[PDB]
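Each of two forms of one protein chain follows alone as structure tokens, named structure 1 and structure 2.
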Structure 1
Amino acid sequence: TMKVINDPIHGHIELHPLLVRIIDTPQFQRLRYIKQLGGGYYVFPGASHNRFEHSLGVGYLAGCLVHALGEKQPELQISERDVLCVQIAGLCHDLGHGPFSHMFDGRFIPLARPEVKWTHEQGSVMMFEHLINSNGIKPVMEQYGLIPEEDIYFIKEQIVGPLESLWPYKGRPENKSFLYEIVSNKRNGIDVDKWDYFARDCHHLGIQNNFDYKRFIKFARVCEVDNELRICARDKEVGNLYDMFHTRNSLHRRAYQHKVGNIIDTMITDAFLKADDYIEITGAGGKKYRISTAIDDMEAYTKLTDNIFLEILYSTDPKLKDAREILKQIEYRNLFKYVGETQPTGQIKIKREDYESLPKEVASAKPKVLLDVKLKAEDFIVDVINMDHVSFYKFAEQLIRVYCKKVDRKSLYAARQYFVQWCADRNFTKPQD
């Protein structure tokens, strides 16, 4: 029962029955209703792709790499069981994403609940657990040779990292440390996750992809480094890697950090914040959750997708009028206006818990040339945008942009002044344009 799925990036993807069973669940199929690039679709009409197809792709590539390593180096003792667990991890690494992907955990939850610590990865673990239990996957795992308790632990570790000196992982021993570099590779940012989305995003955006992932897989090997096992590239592949990094940079410059695309993300977020008190999502035991609290209950979170945009847009409730009106601004293309950009000096990083305060700080700033119209915190949006040792055998770490909700020439002028001053008060770089 080896099922085959046609993908425009990878061609034929063969799926193990166990994977098919994980895929055919509400928890996984949910990913069909979550846009890969969030608000990017509103700037790039080719970018209609969702997390679902990306996740299949990552699961596929994860398998290809591990399987290839096992053939070339049977001394690594990569079992078929190891292969499946890595595939599953690749499949399920994005289960925890929320509406509009990175917009949700990167901005909405911070602004809505600054107290809480939340990442989509943590979400992926919770949702995976929920998926397993809700659909009786453990017996099916056993039926294909897996040992649920340790293997489920391994899968979770691949996704989120060590779960809390030593070898921190408990799902596999240190002699298989290389397996933890396939799906999510923290240290050098080279994993199959990135391979898929670079290729996929390029394909949909109309941007040229220079990296050849197959070639890289074909020439990859596990090799000794600092008395540790790591995945290593042949020296002949160095050009291919440069091409990868250039593709990455292009995607970030051209798409991920696009000026209007990011503005639209903050407008969508603004609408969610205005809707959060009034939207009800039913979770476990009939209990009711808000957009911002659905992350606390996986039954509710399952039903939280980009649909929430249209539920607000199509609503008639008077209580949702404000939220609805912002989404209508997007349709009519009356967007927030770009004021300017700056960076934090030093190794200083504005943190998520502080995001909510930033608009007030900006309005609190005192421009020396006092002006006619004064602006308040509600009129400002402050957007914080985040972001050679691979083994062989201009990058801004944080950008800060400010937008204004009032498009009046004088308000824009004013806003600029507040912004410039705020940068000065914080010893941030001085705005240009």
Structure 2
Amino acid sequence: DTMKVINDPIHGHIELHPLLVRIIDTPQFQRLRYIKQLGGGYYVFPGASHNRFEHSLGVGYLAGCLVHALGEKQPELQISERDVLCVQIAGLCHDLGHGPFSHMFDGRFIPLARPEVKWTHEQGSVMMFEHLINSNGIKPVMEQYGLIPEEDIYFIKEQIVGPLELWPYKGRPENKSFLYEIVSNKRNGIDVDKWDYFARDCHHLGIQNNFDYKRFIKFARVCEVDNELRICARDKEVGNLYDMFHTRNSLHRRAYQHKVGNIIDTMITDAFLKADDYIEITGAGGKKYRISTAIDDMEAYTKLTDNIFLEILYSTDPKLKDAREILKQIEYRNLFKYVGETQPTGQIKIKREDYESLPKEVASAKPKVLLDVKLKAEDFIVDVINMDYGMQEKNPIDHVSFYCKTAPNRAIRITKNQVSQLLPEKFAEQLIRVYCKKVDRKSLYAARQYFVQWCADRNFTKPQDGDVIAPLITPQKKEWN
């Protein structure tokens, strides 16, 4: 068996070692052809037809690119072909755990269907990777190509999900710490996963990418920090790294958190909840699973992809009628109506245990207006969006090591004020979107009054269309004028 070359529109011709080919050509990996990267986003951005499969090839490719580059520049690091393969495998497999419509599944559906489970796609990736290895006899193939399955499988899993349990990793020692900063960088978020998705999502969405990952690679080195050898960037690249996070935030603003993309994800999630009792997916030993329980059995989960949307849409089962009706409303573009967007003022954070109480609050607001209809808590959706630099309140650049021209082997730190005074004052905020499920002219006008009144009551920011939509409400607030 020989290597294969794959032509990718983002990266061009990607070479795949035959061990990678064996892993790719399995039902557990090919499954990713059937899960859209951006989920409901495709229903707003028609170019965003791309699936997790090709993203995963790109992450595999870039992981190998970066590790090879570091090795070529610093032979003293003793990066081996074995190391390169392990990093490539982690890149290829980091997203094996995604479910139907990607973020929607672990971000919206599972928390609603089964509030007690701890589920993240990353956890799913580890479990699916284990299932892929065992179901396809990969361990002997790994051995043939110089890998040590016991150590290296563990290493791959650590690269994907982080520590499985002082140096907290077992797959590789401290003098190879930099290898853990490639696929999923828990220290500062600078990883090849982002580099592929910035480039790939932009290609498909029709928005242009301003981050240059190849430049980052050219300027990346390995430096000693504490007892570890870590990735270090050239000092004057700091501005580019701030802009990388800006880019990430803009893509969330323009595309990933698009108000309509999010409402479509919400409606699909609703249909899945209404279908969940009635859809059967066969797992190991012929056991039957639900959409929400397939995550417990990797054989069942293998067969759980975006196909579930069409299974529901095409169904005739009267038990599936409620679910089916919601999907039919998407097709006719009878979506829940966007009422508006607001933000908390001051240093107030909205806590996750409070999200479910918010539609109640909006319905319980008292707009001093001639209201032709009354709306209830169930008529409202309140979507709270956490926008940050990937580390809650923290500045990720405070967790980057740099090197200088005249001492390329010496790590230094660079603070925010050493860079620019035009950078963000803080690194996390919340956006609150409100929609109304009742879509007639009179319910919508009413929904607007409740919403803006609620913003007033909570001392939230004034909606941008506030004076046009709720003119009898905005004057009452003098903080807004």
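C-alpha atoms forming the largest set that superposes within 1.5 Å between two forms make up the rigid core. Here, residue number means position along structure 1's sequence, counting from 1.
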Identity of the moved residue from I348, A284, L310, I147, C-alpha shift 2 angstroms or more, core fit between structure 1 and structure 2: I348
Cα displacement of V116 between structure 1 and structure 2 reaching 2 Å, rigid core superposed: no
Core-aligned C-alpha movement of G46 between structure 1 and structure 2 reaching 2 Å: no
Core superposition between structure 1 and structure 2, C-alpha change of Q73 at least 2 Å: no
Per-residue Cα shift, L241, between structure 1 and structure 2 [Å; core superposed]: 3.2
Between structure 1 and structure 2, how far the Cα of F419 shifts once the core is aligned, in Å: 5.6
Cα shift between structure 1 and structure 2 at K368, which is computed once both forms share a superposed rigid core (Å): 8.9
